[PDB]
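Shown next, in structure tokens, is the structure this report addresses.
6 protein chains.
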Amino acid sequence: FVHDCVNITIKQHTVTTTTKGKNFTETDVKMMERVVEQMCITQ
Amino acid sequence: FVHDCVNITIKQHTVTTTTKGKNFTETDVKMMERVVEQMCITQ
Amino acid sequence: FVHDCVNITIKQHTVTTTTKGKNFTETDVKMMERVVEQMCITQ
Amino acid sequence: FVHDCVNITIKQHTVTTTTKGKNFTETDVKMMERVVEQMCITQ
Amino acid sequence: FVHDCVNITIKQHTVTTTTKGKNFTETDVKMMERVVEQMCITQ
Amino acid sequence: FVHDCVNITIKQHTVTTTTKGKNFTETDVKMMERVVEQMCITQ
């Protein structure tokens, strides 16, 4: 009944901004309303 | 009944902006309303 | 009934900004309304 | 050399919003970079 | 050399908002970088 | 060399907000960098 579960995620980044009136600059983003996340289930 | 589950995701990036009145610049983004994510299930 | 659960995430970043009236600059962000997260379940 | 200068501007409005994740709703707006406005000149 | 200068501006408004995550709602707004405004000049 | 200078501006408003995470709601606003405003000049 053996399972296994692995996940790697390296996220390198470098932002820069010089605004003159308006700027938002939202980097990597998510949103999940009724999220139900799981992993390695053996019901 | 053996399973296995692997997933890697490296995400290198470098943004830059010099606005003069309006700018948004949203990098890698997602959204999932009623998300139900799983992995390595053996019901 | 053996399981296993691993996940690594290194997140290097370096932001900089010199505004002249408005700027937001929100780096990596998420939001999950009715989140129910789990890991390595063997019900 | 008589002049005259009149200008009226009534601006009635009524906004409303019920957001669920993003909304801007900028009402009557302007912007003028090197503006040089005058009135009733008799050089 | 007579001049005259008049200007009226009544601005009635009524905003309302019920946000659920993000909202800006900027009402009547302006911006003028190197503005030089005058009135009733007789150089 | 007679001049005259008049300007009236009544500004009635009524805002209201019930936020659930973020909200800005900036009412009538301006900004003028190198502003040089005058009135009724007879150089």
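Residue numbers (full-length UniProt numbering), protein chains in the order written: chain R, 175 to 217; chain U, 175 to 217; chain A, 175 to 217; chain B, 175 to 217; chain P, 175 to 217; chain H, 175 to 217. Note that beta-carbon positions come from the ideal geometry of N, C-alpha and C, so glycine has one too.
Residue span of the beta strand (DSSP E) that contains residue 180/P, given as start and end: Per DSSP, residue 180/P belongs to the beta strand (DSSP E) from 180–182.
Buried or exposed by the 16-neighbour rule on C-beta atoms within 10 Å, applied to residue 190/U: Flag for residue 190/U reads exposed.
Contact check, residue 201/A vs residue 201/R, beta carbons under 8 Å: Yes, Cβ-Cβ distance for residue 201/A and residue 201/R is below 8 Å.
Cross-strand partners of residue 177/R (DSSP beta bridge): Bridge partners of residue 177/R: none, in fact.
For residue 190/H, three-class secondary structure by DSSP: Coil.
Buried or exposed (CB count within 10 angstroms, at least 16 for buried), residue 199/R: By the neighbour-count rule (16 or more Cβ atoms within 10 Å), residue 199/R is buried.
Proximal residues to residue 177/R (C-beta, below 6 Å), its chain only, five neighbours per side dropped: Contacts found: 214.
Residue 181/A, buried or exposed, once every other Cβ within 10 Å from all chains shown has been counted against 16: Note on residue 181/A: under 16 other CB atoms within 10 angstroms of its CB, so exposed under the neighbour-count rule.
Whole-angstrom distance between residue 179/U and residue 203/A, CA atom to CA atom: One C-alpha to the other measures close to 26 Å.
Residue environment, residue 209/R, which counts as buried when at least 16 other CB atoms sit within 10 Å: Buried: at least 16 other Cβ atoms inside 10 Å.
Whole-angstrom distance between residue 175/R and residue 196/P, CA atom to CA atom: Residue 196/P and residue 175/R: Cα-Cα distance of roughly 46 Å.
Bridge-paired residues (DSSP) for residue 206/H: According to DSSP, residue 206/H shares a beta bridge with no other residue.
Under 8 Å between C-beta atoms of residue 193/P and residue 194/H: Their beta carbons are under 8 Å apart, which means residue 193/P touches residue 194/H by this criterion.
Residue 205/U burial status per 10 Å Cβ neighbour count (16 or more: buried): Classification for residue 205/U: exposed.
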